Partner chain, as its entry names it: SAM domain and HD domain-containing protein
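The chain below stands alone and is given in structure tokens; this is the form solved without the partner chain.
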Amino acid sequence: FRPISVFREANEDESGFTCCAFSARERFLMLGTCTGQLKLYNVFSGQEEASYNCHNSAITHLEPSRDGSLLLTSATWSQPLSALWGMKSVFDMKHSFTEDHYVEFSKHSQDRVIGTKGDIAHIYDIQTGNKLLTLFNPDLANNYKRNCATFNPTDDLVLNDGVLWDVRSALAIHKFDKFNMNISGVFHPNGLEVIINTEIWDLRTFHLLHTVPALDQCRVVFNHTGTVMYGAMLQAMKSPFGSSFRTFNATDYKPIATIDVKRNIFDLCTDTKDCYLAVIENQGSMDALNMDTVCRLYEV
């Protein structure tokens, strides 16, 4: 992890970056801010190239579509809470998801959005904006406090609140047992495994394949080739994470590195070629009057 670049938000006594993701154009990082702006930055110069007010509360998450034409945002305390934006020619709002705290695109064919409202998953069509499906069963709920619903790589299974759902049938196929209060899980990019906090489960057998005690309380992000997994641990204003991230080999779950950047982490992401890790670090403590975050770019 050799540091390659650092920048603060332009035109701010205090820098308010809260989350990031690389755009479909190399060199250009998309960042959300604590005032609910989306911003486009040159990741090398730190030059702000564009700006849009998406929400009147902080941005917690953003996801650009692979084809460069669409963007998902989530905010703290807005109605609507999440939204879908168009970025062809003009920046505009396409749809809004009135109480979803988190959203993702479908993975194989990016024609759907999955949104999370507490313990409930909503799937929407991108064209119509219609809610196609509500996935929720109160008898199978884990009530994870950081529940985030997600599609698998082929868009035909969903993980919501520790329940594996078959999208076509809208049937719960398996409830994974609850071993922590917060982390709900992700799909491995290989389509065969699910990572739920410290537990790695096989999707064909439901056997326990690995225990990874360093993944405890980590939000997991994969690189684009799916060879490496990055974990930032929940913190025990207030960042959602602590000041350390961990890397693991995605094939054998062996630890590669533990990096303490001595600054609470708000988000991290890789470019599509997996050359870079961009990390949003706060220079201020949780007690500061105001956030003062930087974006740090490291070469892996």
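Residue numbers count along the first chain shown, from 1.
Omitted here: the form solved in complex with the partner chain. The next part is about that form.
Student: Heavy atom within 4.5 Å of the partner chain in the deposited complex: which of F91, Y124, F136, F176 fits that? Just give me the one.
Tutor: Here the answer is residue option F91.
Student: Check whether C54 has any heavy atom within 4.5 Å of a heavy atom of the partner chain in the deposited complex, and answer yes or no.
Tutor: Within the cut-off, so yes.
Student: Contact with the partner chain in the deposited complex for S244, defined as at least one heavy atom pair within 4.5 Å: yes or no?
Tutor: It does not: once the partner chain is placed as it appears in the deposited complex, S244 has no heavy atom within 4.5 Å of it.
Student: Is there any non-hydrogen atom of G36 lying within 4.5 Å of the partner chain in the deposited complex?
Tutor: Output for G36 is yes: heavy atoms within 4.5 Å of the partner chain.
Student: Within 199-228, which residues come within 4.5 Å of the partner chain in the deposited complex, counting heavy atoms only?
Tutor: Sequence-ordered list is empty.
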